[PDB]
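Notes follow the structure.
Protein chains in written order, with full-length UniProt numbering: chain A, 6 to 50, 54 to 197, 204 to 213, 217 to 230; chain B, 9 to 58, 65 to 174, 181 to 193, 200 to 258; chain C, 7 to 202, 212 to 240; chain D, 11 to 127, 134 to 245; chain E, 3 to 117, 128 to 218; chain F, 1 to 49, 53 to 57, 62 to 242; chain G, 4 to 198, 203 to 236; chain H, 2 to 234; chain I, 42 to 233, 243 to 261.
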């Protein structure tokens with residue numbers, strides 16, 4: 006009854022993971038930029057849908073935030089799981105979970121769905137930004153379950169072009185505002207279409226704060 | 009066999025989700041939820057999902079708790095199953111936390127459950143879409159909508181027809203007067219969307235309001251009065 | 007290729023397996039429940055058994071009951087129907103354990119519908135091939151008749167026919183109002199409908224003459240009709 | 011699937027297993043008033059094997075013997091289960107189990123793959145199980161279909177048809193135990209594809225005078241050989 | 003009475019950029035028979051985290067093994083040393099996971115919180141994890157009353173490594189000399205951000 | 001039914017071949033090249049990895072064990088975590104560090120169980136496990152997806168592993184110091200990439216040695232690799 | 004053909020093909036007949052014989068003092084059902100101090116039948132059972148693989164049962180007023196129409216008022232067959 | 002395939018999975034076992050890439066327990082797993098029987114394990130064949146061969162792996178019952194070298210006695226390979 | 042131990058002493074007994090210290106998880122419900138007498154939770170060994186409407202009564218004022243040698259290791 010629906014192709018590829026990657030690539034763009042004193046995650050989104061109800065950017069913990077590109081429901085599930093794991097770490101050790109370890113645990117949970125039987129892979133890619141005693145981190149988690157460490161990245165439509173833009177405008181030692189301005193420029197390559211979160218505890222910018230930028 | 013299971017296709021889509029959405033659309037049942045300043049209204053058709067039949071018993075509106083209500087459109091078995099799952103989640107939330115769940119939490123939990131279906135290949139998708147309305151702790155109405163895909167979103171007005185609601189709301193832009207105006211808005215919205223004259227006995231309207239939080243359905247006499255007021 | 011499992015939606019949103027179940031139910035024996043002025047009358051016509059001449063006379067019965075005040079009949083498989091009826095009786099027993107009173111009819115119907123529908127969700131279970139009728143009649147509330155489809159849909163009627171020729175039994179039954187007719191007047195009517212008998216038809220009511228409780232129709236009452 | 015019916019009403023798996031029992035060396039079982047005798051050819055595949063390591067006639071119990079055809083790993087599993095069950099019966103009841111009861115137990119195990127109420137497939141084995149109980153000597157045949165048939169004389173193996181024909185031809189109820197041995201040996205000689213002699217055949221008997229499994233040796237075979245025609 | 007089977011005592015103290023952890027070296031049996039004199043109750047988790055376990059010897063060894071397992075896993079998975087406060091919280095949770103069938107151990111955690129600034133960190137526990145963070149000293153074991161008297165009367169704040177060594181060794185020895193089931197040698201470890209001094213004191217063997 | 005959708009991952013092919021294992025081997029052969037070798041001083045592991056990327064081939068399993076990866080990185084992470092668990096459990100149970108061969112056997116058993124049990128796919132990863140213990144000194148092991156493993160003095164995995172193997176056999180010698188082994192590792196990393204010069208921003212290089220009786224692992228930074236690269240270049 | 008692969012698939016015709024194949028497994032069993040009068044039920048079946056040296060296959064089985072059965076189809080499944088019913092009757096007689104209601108036992112057997120039709124991992128019982136008992140009245144029941152069961156005045160099934168059906172249809176009105184011998188001979192004449204009946208190839212049992220289930224002995228069967236012929 | 006049946010009967014009656022496990026055994030390296038009065042000799046083929054592969058790390062000549070040894074041909078990881086199960090059962094026998102496990106008991110255990118895998122849902126058959134040499138309870142030495150199907154049989158001298166038929170035919174014409182240790186080793190070597198390239202790095206020969214299993218030092222193998230060269234001209 | 046709480050206008054004032062005892066011996070002189078559950082919810086405890094501390098951590102982290110999921114300000118009712126369910130799940134054991142204060146949508150709510158799983162909505166309460174003295178002060182001087190300053194003074198006087206009349210209580214006076222908007226945690230709200247010659251202690255051996 007329980008058997009893998011993700012199988013090695015004759016060439017050694019896992020075509021379900023490739024298809025989930027295609028789905029994520031056909032999803033709305035999100036990106037992250039790590040500035041010398043912070044890290045920011047930005048994303049882009054009919055006169056009826058309430059904006060406040062469909063945040064893509066969410067708060068994993070006091071100093072950890074997450075954004076996604078892919079399937080909203082899978083994201084909700086994985087967000088609840090990441091919050092649960094952060095809380096479990098806090099209960100065990102009495103301190104906020106480190107960004108790298110949370111990324112590793114979520115990566116393991118994502119990989120589990122590429123191997124266990126009777127489950128499709130998560131159809132999303134995650135950008136997790138956080139600050140710990142070891143600085144600021146911006147990690148990307150793939151549908152496959154592999155996690156990359158980034159200074160800056162984009163994970164949606166035309167992400168080749170957006171990666172090129174970030175590379176041509178990104179500098180190692182930059183301030184937060186300079187990064188936010190680069191982030192907004194990358195996404196536009204309106205204010206109602208922008209959601210930004212900055213790392217004080219992780220914060221998500223209000224409508225006015227986006228507008229004045 | 010790529011489109012049979014809840015697995016990805018070469019393009020990355022989950023075609024079973026789209027098929028369940030088409031199943032929901034096939035029922036030819038329309039339901040409309042409208043938010044007011046201190047009130048929310050849900051109006052549904054009183055027809056069955058596609065003579066001696068009891069027409070009173072036919073309904074697409076259900077009561078999850080005293081103060082939270084829903085309209086479920088889809089395959090009737092799936093609709094009843096989702097209603098029962100929502101009621102179980104509400105009772106569990108009340109027991110475990112000691113206060114009444116609000117519509118947002120209920121919609122998000124229901125969508126987590128829907129996602130479990132959409133991912134585990136051994137279960138079939140519920141061809142059920144839902145509106146949930148209630149009054150949250152901040153004394154404002156909540157009106158959320160979810161589909162078979164597991165996507166939930168809050169709305170000022172939703173249908174399970182967008183430009184009609186847009187025009188009506190931008191036209192609109200006392201507590202009893204607010205309730206009455208939103209009810210007129212919902213009835214007119216359904217009449218517009220359906221594009222035919224409504225019968226007071228073929229449509230069900232329910233409201234939640236700060237004056238009376240309890241999700242209640244208004245009698246057919248009041249609906250008849252509202253219908254008469256329109257066109258006059 | 008979308009009609010080999012109950013857990014796969016066709017492109018058009020349809021579940022073919024349930025349609026096949028519907029065809030199976032439409033090909034089976036006839037059953038009907040009719041709400042009259044003083045009670046409900048359930049009648050099952052077993053036309054599939056005109057061949058079997060060795061069957062003990064009037065032994066086969068598709069009409070069952072719950073709590074002695076609910077009539078439950080069906081059209082479909084005997085095994086599936088027996089499964090459903092056993093579940094209904096188990097639900098009634100659990101309800102009485104919990105609360106010390108008989109289960110309301112609508113709650114029982116909802117629970118039975120959920121039980122049926124739970125079998126159209128997985129690829130390792132066969133969905134039930136049986137349409138169910140659950141009926142009751144109280145002195146205060148008069149009659150309440152529910153038909154449950156194989157898909158989990160439940161609907162309330164003043165008269166229902168499930169099985170073969172149902173579209174003719176309906177048009178003959180719809181020909182006149184029965185809420186203003188006594189059951190005894192209806193027994194003659196139902197017989198005339200079947201002809202257009213003493214050993215292929217199950218009869219029962221719940222009416223005032225039987226104290227609003229289940230009862231098979233005594234022979235001296237059916238024969239003159 | 012394994013539990014799938016054919017349009018004719020026969021399980022595919024047991025039908026396929028029927029072809030498996032047709033392989034292996036041939037055995038013969040004969041029941042007479044004095045006891046039951048099982049003889050078996052030994053298809054020695056090489057001169058480097060230890061001939062006695064390959065067994066044909068095992069003791070399900072002190073009073074029960076069995077000759078197996080088909081897949082010998084499966085046959086060993088079946089005989090081990092039979093031994094365990096017969097000893098459990100002996101402990102619970104303090105008496106020697108009936109041969110028919112033992113065959114029924116083997117059959118219920120054989121079809122346990124169906125999962126009507134754990135093995136994964138049918139047992140590609142056919143057993144001639146003989147022995148002496150309170151009712152006297154008896155000999156049974158059980159096959160993958162799960163059906164067990166009592167036999168006065170029977171044969172199994174690759175050359176089952178010829179041996180069974182000869183047994184039908186030359187079997188008499190009144191015939192003596194010595195005649196039973198002579199008949200078993202002559203049938204095996206006619207149906208075997210070698211020169212009958214010592215170390216080439218294996219004989220066991222459960223005699224009614226003892227109700228005990230007894231395995232023959234050389235100078236028991238040779239005694240029958242020197243009286244064959 | 004369970005703690006009387008083996009005896010033992012552990013004592014932690016802090017100074018200025020230094021921290022001392024000391025213990026007695028006895029392993030007894032049946033509360034009066036001294037079976038070993040080299041049974042050290044101080045275990046090193048990492049350069050900045052040390053633990054002292056007192057109570058049942060079997061429980062001490064089991065808990066040390068569990069702590070080493072957890073700490074090694076944490077450090078390898080993070081490629082960095084566990085923070086002392088995180089180790090203290092983990093030890094508390096490990097102790098409380100066995101609230102009803104506990105390890106009969108009264109641990110103390112000693113070390114340095116890194117901020128570089130090396131702030132002494134001390135904390136004591138009961139057998140079920142109830143922890144008290146203290147700024148001057150921590151005591152556990154059967155000799156707890158005598159040790160509390162010693163660290164009450166003799167503790168001086170902000171002592172250099174030699175002053176801290178003298179004070180802690182005197183406290184431990186004077187407390188032990190009034191205890192029947194604890195003693196037979198004393199081990200003292202003074203950590204400073206650059207080095208560790210390990211000394212075995214010349215103690216009574218009574 | 002569901003067996004119609006089932007792929008039967010744990011099944012023999014007609015030729016006595018495991019199709020899943022072969023396809024996993026192909027996937028690993030399409031992975032980036034990781035090499036390992038043994039010197040008198042210790043064990044060396046090397047590997048080759053956008054400009055906005057901030062160690063993804065060499066990982067530490069224990070104070071005395073480390074692993075180079077080839078294949079799928081998520082499966083590699085799962086197996087690395089399980090290997091760390093196994094080493095720590097051995098230390099917990101016995102009070103002594105786990106010998107390298109024992110850890111390799113445990114991890115390879117976990118690999119093979121997926122090819123014999125259940126209906127799941129195998130791990131599509133291969134490991135080069137280097138380590139030091141007292142009984143066998145320095146050890147390097149190769150593990151493939153089937154749970155088979157072997158012991159080597161110098162080996163390669165991934166793309167162009169044959170050319171790297173040829174270079175290793177031609178150059179690797181019994182008596183090499185740490186520096187000479189590192190230069191040979193860089194040379195092999197060069198030859199397998201078909202490049203005259205290695206670039207130091209796409210190289211992973213680490214070594215495990217025993218000194219003062221203590222096992223020490225060094226993961227080489229970019230600038231230390233720059234020094235190694237220039238040294239390799241003058242010669 | 005895609006619709007007959009598993010037991011949980013309905014055909015577009017609204018048909019279960021696996022269960023129909025399990026039922027088709029019932030036509031290749033030996034013919035058995037059951038008839039009743041106002042006091043007795045007589046069951047007579049043809050024992051199958053697979054060779055000259057074979058012993059006839061058992062055809063009827065005792066379930067309880069006043070309950071017996073005959074089978075047609077796969078024998079191992081029938082054995083599982085037989086043991087289930089025997090344990091059910093015995094458990095009833097142990098928990099309470101009364102014989103089991105026959106309708107209850109038949110309905111529990113039908114539940115056991117219909118349960119296997121619901122899950123893909125299981126297959127329907129490939130055997131049809133006729134149950135003859137006396138519970139205040141002679142009763143004949145028939146179970147089917149699909150979970151359906153019925154109560155009969157006269158019943159027959161197995162190979163070539165249509166001749167037995169025609170005889171029973173011709174003589175049904177006599178059975179009610181027939182005495183024991185006349186009704187035994189009617190059942191035997193039907194069974195003979197199905198075909203020679205001998206003491207070895209025919210099984211015959213009776214059960215009725217103050218007459219527990221009892222297979223008819225060999226001398227009685229010989230006399231009855233002489234009366235038939 | 003958690004519980005799905007993997008080994009099934011083919012239309013002809015065969016269990017194809019077992020024939021595929023037999024193919025796996027045929028792909029493996031050759032091994033030979035020869036029995037004498039109170040000792041046995043096992044010679045296994047080894048293939049390692051010179052100068053790069055550690056030759057000590059591979060062990061197809063396994064000591065199961067105090068008195069029983071094993072050699073296998075087939076998949077190596079399956080062989081390791083089966084060997085570990087066999088050692089666990091040997092020690093369970095010690096612990097419950099208070100006596101060492103006789104060779105025949107261990108051979109039956111491995112045969113039943115292979116049968117079990119051939120006869121359970123959700124498991125692949127072991128693709129390995131084994132030769133187990135040991136001593137019985139009467140202190141008699143015995144050699145058993147177990148096949149992937151789970152069938153086992155005892156032998157005087159038997160060869161398994163690739164080209165096992167040729168080695169069998171050679172051993173038929175050359176085995177001479179009781180033979181001295183030196184000549185028995187020589188016979189094992191010249192039998193195994195009928196199929197493997199003549200080189201001391203292509204063989205590993207060990208000898209089992211009542212005291213222990215000893216692996217032959219390579220100087221002797223070199224001498225016998227040179228002697229076989231002499232006899233080949 | 043002495044913990045107390047009271048409800049003043051739009052706020053909850055909790056107070057506690059700062060002494061932990063290993064029986065007759067003062068084990069800690071500056072223990073902290075006021076425990077942060079959420080920004081608007083605080084708790085204080087008496088009983089088995091490990092039980093109080095770990096139950097409080099569990100409740101805090103579960104409440105943060107709930108707040109993250111529902112995006113709604115936590116409720117004192119939820120905290121008391123979870124606490125009662127957990128305490129009742131253990132048939133009396135895991136002794137924790139807890140004063141749980143907070144301010145939520147329904148105003149300032151104070152609860153007293155018994156170790157066995159019973160809760161009580163209260164205007165003012167005290168728990169611990171010095172509970173009776175704190176109750177005496179509160180009863181004598183408490184009044185329905187009091188300013189935050191008056192509430193703090195009453196809490197401090199009650200805790201001081203417990204300290205100076207109960208042998209199990211002593212140390213400083215911690216207080217916390219929780220309002221619907223924020224909290225202030227006044228940790229020290231009120232606060233009512244030999245140097246041995248170097249080389250005096252003999253040793254047997256010395257080992258120097260440089261990190």
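From the three backbone atoms N, C-alpha and C, an ideal C-beta is built for every residue, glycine too.
From residue 35 of chain H to residue 61 of chain H, what does the alpha carbon distance come to, in whole angstroms? Cα to Cα, residue 35 of chain H sits roughly 16 Å from residue 61 of chain H.
Three-state secondary structure (DSSP) of residue 197 of chain I: DSSP, reduced to helix, strand and coil, places residue 197 of chain I within a helical segment of the structure shown.
Mind checking whether residue 90 of chain F and residue 110 of chain F have CB atoms under 9 Å apart? It is a contact, given that the beta carbons lie within the stated cut-off.
Could you give the C-beta distance for residue 127 of chain A and residue 213 of chain A, rounded to a whole number, given that I count them as a contact under 8 Å? Residue 127 of chain A to residue 213 of chain A, Cβ: 33 Å. No contact.
Interface partners of residue 178 of chain G on chain D, CB under 7 Å: Going along chain D, no residue has its Cβ under 7 Å from residue 178 of chain G, so there is no contact; the nearest lies around 31 Å.
What would DSSP say about residue 166 of chain D, mapped onto helix, strand or coil? In the structure shown, residue 166 of chain D adopts extended strand secondary structure according to DSSP, grouped into three states.
Note down, in chain order, each residue of its chain lying with its Cβ closer than 7 Å to the Cβ of residue 34 of chain B, except the 5 sequence neighbours on either side. These residues qualify, in order along the chain: 58.
According to DSSP, residues forming a beta bridge with residue 183 of chain I: Looking at the DSSP assignment, residue 183 of chain I forms no beta bridge with any residue, so it has no partner.
Looking at C-alpha atoms only, which residue of C:60, C:62 and C:80 is the closest neighbour of residue 69 of chain C? Measuring C-alpha to C-alpha distances from residue 69 of chain C to each of C:60, C:62 and C:80 identifies C:80 as the nearest.
Endpoints, the beta strand (DSSP E) within which residue 72 of chain F is located: Taken as a continuous stretch (DSSP letters only), the beta strand (DSSP E) holding residue 72 of chain F covers 72-78.
Exposure of residue 62 of chain G, with buried meaning 16 or more beta-carbon neighbours within 10 Å: Classification for residue 62 of chain G: buried.
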